[PDB]
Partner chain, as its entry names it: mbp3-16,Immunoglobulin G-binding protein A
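The chain below stands alone and is given in structure tokens; this is the form deposited without its partner chain.
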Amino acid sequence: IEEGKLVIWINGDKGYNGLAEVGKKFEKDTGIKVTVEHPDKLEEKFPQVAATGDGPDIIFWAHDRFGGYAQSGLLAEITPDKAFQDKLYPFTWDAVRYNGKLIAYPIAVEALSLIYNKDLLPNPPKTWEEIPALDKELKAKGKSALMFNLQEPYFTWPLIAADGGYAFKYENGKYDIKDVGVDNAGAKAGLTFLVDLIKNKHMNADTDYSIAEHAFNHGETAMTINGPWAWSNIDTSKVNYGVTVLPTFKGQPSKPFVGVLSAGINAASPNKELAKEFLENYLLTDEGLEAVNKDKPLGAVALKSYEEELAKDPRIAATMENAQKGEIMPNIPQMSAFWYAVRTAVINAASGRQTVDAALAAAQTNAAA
């Protein structure tokens, strides 16, 4: 890492162009260059390169990964005063607190919603169960009912959790890392339903982020599942879209894992104080989050003042409703194992390489340790 400059990592689906603008603002003021990068698999890269005193000064990701990073000593403890902390919602600080210590700045709260084409589908379905029928209706007109990223368990988890699936049993403010709920009747029922959609040709196992985004944004599919970041490209595509509550499964709300986009400071950084200044004084302000948000919507920001200003957006409202129906992700170190294990189970099951039960059985064992 180079002293006297800021290197930033943020995921490619976030507003890195909006952010780089803030970084140029930071440069004009302090003369400090702010390079914004978006590496593939950055959540895997970071720990790798950071373990050897390398990487970016600042790293952006959902809060779930930061616990593991902190346990690995890859993060510097941030030092915001009470005046600053009070600018952000206490529940977002909660998401980035590990072992009593604040290990990153919260930026925004993210949740998946059902996104639907209002012209194709004036009244979107309330349930997963009515999708096969809808799809058959749309296939006759050369469209599909629903397409969404089947490659990342983040997009499929809401369905798996609906009827009883869960990652780690959470009771009395503690997660039981040995009480995993990926192979219970609930989790199996959800994943089986997904696999049945694929077998019945209502979806394809190889659908990923780009295939789904293209499909929805060109009006090839009536629905997709995505987060606030996705809205800008839809704006651009001019599809008349709405954002609403996710379909129920067996009468139960889908339960998305809620993410808090956070900014961590590399423990190897020689630019910690600079990192602090940039994050507290430029990014985490009404105009800073505005620049990012204009590029790619952040969702419900952690900054109270801007969250209030944007709260009137029905898309954000829908995002919070789904958020209330889901659960905020744990940030414990065991999350990476959980995600990896479930990713494998879903891909193996969807592709037909393994039975649902066998896939989730293996994921269950692998998530525990």
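Residue numbers count along the first chain shown, from 1.
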item: 241 to 249 versus 75 to 83 - which carries the larger mean C-alpha B factor in the record; value: 75 to 83
item: Given 119 to 127 and 228 to 236, the range whose Cα B-factors average higher in the PDB entry; value: 119 to 127
item: Highest-ranked of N293, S144, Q151, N266 once sorted by CA temperature factor in the record; value: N266
item: Given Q334, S305, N322, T344, the residue at which the Cα B factor reaches its maximum; value: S305
item: Among modelled residues of the same chain, the CA temperature factor third for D94; value: lowest
item: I32, C-alpha B-factor rank within chain (lowest, middle or highest third); value: highest
item: Among modelled residues of the same chain, the CA temperature factor third for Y175; value: highest
item: Record-listed C-alpha B factor of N11: chain third; value: lowest
item: Record-listed C-alpha B factor of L134: chain third; value: lowest
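Missing here is the form solved in complex with its partner chain; even so, the following discussion is about that form.
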| query | finding |
| --- | --- |
| Contacts with its partner chain in the bound PDB entry - residues in 152 to 182 whose heavy atoms fall within 4.5 Å | none |
